[PDB]
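Participant: For reference, the structure I am asking about is given below.
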Amino acid sequence: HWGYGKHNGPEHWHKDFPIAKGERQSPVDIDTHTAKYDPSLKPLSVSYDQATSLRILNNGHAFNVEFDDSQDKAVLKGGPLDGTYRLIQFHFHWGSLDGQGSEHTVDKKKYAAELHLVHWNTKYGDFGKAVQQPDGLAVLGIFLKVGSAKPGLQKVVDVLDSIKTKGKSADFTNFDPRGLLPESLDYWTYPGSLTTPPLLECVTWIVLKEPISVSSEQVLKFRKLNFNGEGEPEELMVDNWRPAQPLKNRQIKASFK
Ligand SMILES: CN1CCN(NC(=S)Nc2ccc(S(N)(=O)=O)cc2)CC1
Ligand SMILES: [Zn+2]
């Protein structure tokens with residue numbers, strides 16, 4: 001099965017998932033000088049006040065904080081989007097070292113980690129239908145740099161000891177994802193894909209310009225997770241990022257000058 005190792009990592013994915021070499025793959029390098037301001041782009045509308053978190057799961061590739069998406073409780077609208085996109089889960093990608101871990105890069109710069117808040121277009125009725133559509137998902141991506149702690153992240157950090165290995169989950173109610181956002185909602189946007197298999201080309205990417213800062217201790221705790229299941233040989237969950245893919249026939253648009 002696919003993963004992030006030498007023998008099953010991103011260079012191998014195309015054999016099971018030929019769309020890996022497709023026309024709108026993610027992530028990409030964001031060349032800030034070549035991105036163009038699009039004055040028609042609207043401000044993002046992030047409406048997370050009624051978000052209902054449920055559970056946190058180690059799925060063997062990352063950990064997901066899952067939400068109740070059976071009603072419009074936490075939604076993303078505006079920006080490049082037409083319609084309403086419901087928050088289903090968030091997760092991170094991170095490195096073994098503070099100088100790598102993000103999936104997107106900015107002028108070739110890698111951040112220590114990247115947060116993905118995953119939303120699906122409610123006109124398609126369920127997430128499984130949405131991933132089959134070119135405008136099915138909107139993923140809000142937020143860079144993490146190492147510096148001061150992010151207080152809104154600490155509850156996530158605190159529970160990781162309970163989901164160390166693949167397949168473990170824990171209750172994770174009453175978590176407020178607003179505590180993970182930076183001050184500014186300025187963003188870049190482009191059409192892309194899931195960054196893991198099955199690599200479906202269903203995502204409108206919205207990547208925030210402003211990173212959040214997390215502490216060295218917070219990211220160290222991410223790095224104590226395991227890719228393996230309990231009772232299997234220990235493999236630290238680190239470097240679970242796909243590198244930047246060719247931009248091909250795409251333009252990245254900026255919401256800001
Ligand atoms: C077919 N089916 C599609 C649903 N997939 N589930 C999820 S949560 N996939 C998923 C993968 C990568 C991202 S990312 N890193 O692009 O945000 C976001 C979501 C399971 C398999
Ligand atoms: Zn992701």
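Every chain in the structure tokens has a letter given in the order shown (A, B, ...), and although residue numbers restart at 1 in each chain, ligands are simply numbered from 1 in the order shown.
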Show me, as a CSV table (one decimal) with N, CA and C atoms, in the first residue's frame, the residues that have an atom within 9 Å of residue 181 of chain A when counting only C-alpha atoms, minus same-chain residues fewer than 6 positions from it.

Facilitator:
chain,number,residue,atom,x,y,z
A,142,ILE,N,-2.9,26.3,5.4
A,142,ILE,CA,-2.3,27.3,6.3
A,142,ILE,C,-0.9,26.7,6.7
A,152,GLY,N,-4.3,27.8,20.5
A,152,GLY,CA,-5.4,27.1,19.9
A,152,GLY,C,-5.1,25.7,19.4
A,211,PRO,N,1.5,32.6,7.6
A,211,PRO,CA,1.6,31.4,8.4
A,211,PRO,C,1.2,31.6,9.8
A,212,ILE,N,0.8,30.5,10.5
A,212,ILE,CA,0.7,30.6,12.0
A,212,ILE,C,2.0,30.1,12.6

Participant: As a quick test: using only C-alpha atoms and all ligand atoms, which residues lie no more than 7 Å away from ligand 1? Give them as a list in words.

Facilitator: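 Listed by chain and ascending number, the contacts are residues 116, 117, 118, 128, 131, 139, 193, 194, 195, 196, 197 and 198 of chain A.
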
Participant: Write the residues of the selection above to a file with C-alpha atoms, as a short mmCIF file (atom, residue, chain, number, x, y, z; two decimals), in the first residue's frame.

Facilitator:
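The result, written out as result.cif:
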data_model
loop_
_atom_site.label_atom_id
_atom_site.label_comp_id
_atom_site.auth_asym_id
_atom_site.auth_seq_id
_atom_site.Cartn_x
_atom_site.Cartn_y
_atom_site.Cartn_z
CA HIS A 116 -5.49 21.44 5.63
CA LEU A 117 -9.10 22.29 6.50
CA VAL A 118 -11.15 20.14 4.14
CA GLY A 128 -18.00 10.72 -1.51
CA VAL A 131 -14.65 14.06 -4.60
CA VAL A 139 -9.19 22.95 1.02
CA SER A 193 -6.10 17.79 -6.40
CA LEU A 194 -5.98 15.72 -3.29
CA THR A 195 -2.32 15.50 -2.25
CA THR A 196 -2.60 11.83 -1.28
CA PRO A 197 -3.92 8.83 -3.20
CA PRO A 198 -6.37 8.66 -4.89
#

Participant: Write out as JSON, numbers by chain each polymer residue (protein, DNA or RNA) that has an atom no more than 12 Å from ligand 2, with only C-alpha atoms and all ligand atoms counted.

Facilitator: {"A": [26, 27, 61, 62, 63, 64, 89, 90, 91, 92, 93, 94, 101, 102, 103, 104, 113, 114, 115, 116, 117, 118, 119, 138, 139, 140, 141, 142, 143, 193, 194, 195, 196, 197, 199, 203, 205, 207, 240, 241, 242, 243]}

Participant: Can you list, as a PyMOL selection string, every protein, DNA or RNA residue that comes within 8 Å of residue 56 of chain A when you count only C-alpha atoms, leaving out same-chain residues fewer than 4 positions away?

Facilitator: chain A and resi 63-66+163+169-172

Participant: Just list the residues in segment 1-210 of chain A DSSP gives alpha helix (DSSP H) on the backbone, as a ChimeraX atom specification.

Facilitator: /A:127-130,154-159

Participant: Can you measure atom CA of residue 148 of chain A to atom CA of residue 174 of chain A for me? One decimal in Å is fine.

Facilitator: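 According to the coordinates, atom CA of residue 148 of chain A and atom CA of residue 174 of chain A are separated by 24.2 Å.
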
Participant: Take atom CA of residue 95 of chain A and atom CA of residue 214 of chain A and report the distance between them in Å, one decimal.

Facilitator: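 It comes out at 13.5 Å.
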
Participant: Hey, what does DSSP flag as strand (DSSP E) within segment 13-206 of chain A? Can you give it to me as number ranges by chain?

Facilitator: A: 29-30, 36-37, 44-47, 53-58, 63-67, 75-78, 85-94, 105-106, 113-121, 137-146, 169-171, 187-192, 203-206

Participant: Nearest to residue 70 of chain A among A:151, A:47, A:120, A:25, with distances taken over only C-alpha atoms: which residue is it?

Facilitator: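 The answer is A:120, which sits nearest to residue 70 of chain A.
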
Participant: Could you check the closest approach to residue 75 of chain A for each of A:32, A:96, A:105, A:122 and tell me which residue wins, using only C-alpha atoms?

Facilitator: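 Closest to residue 75 of chain A, using only C-alpha atoms: A:122.
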
Participant: Hey, which of A:22, A:192, A:237, A:36 ends up closest to residue 133 of chain A? Count only C-alpha atoms.

Facilitator: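 Closest residue, counting only C-alpha atoms: A:192.
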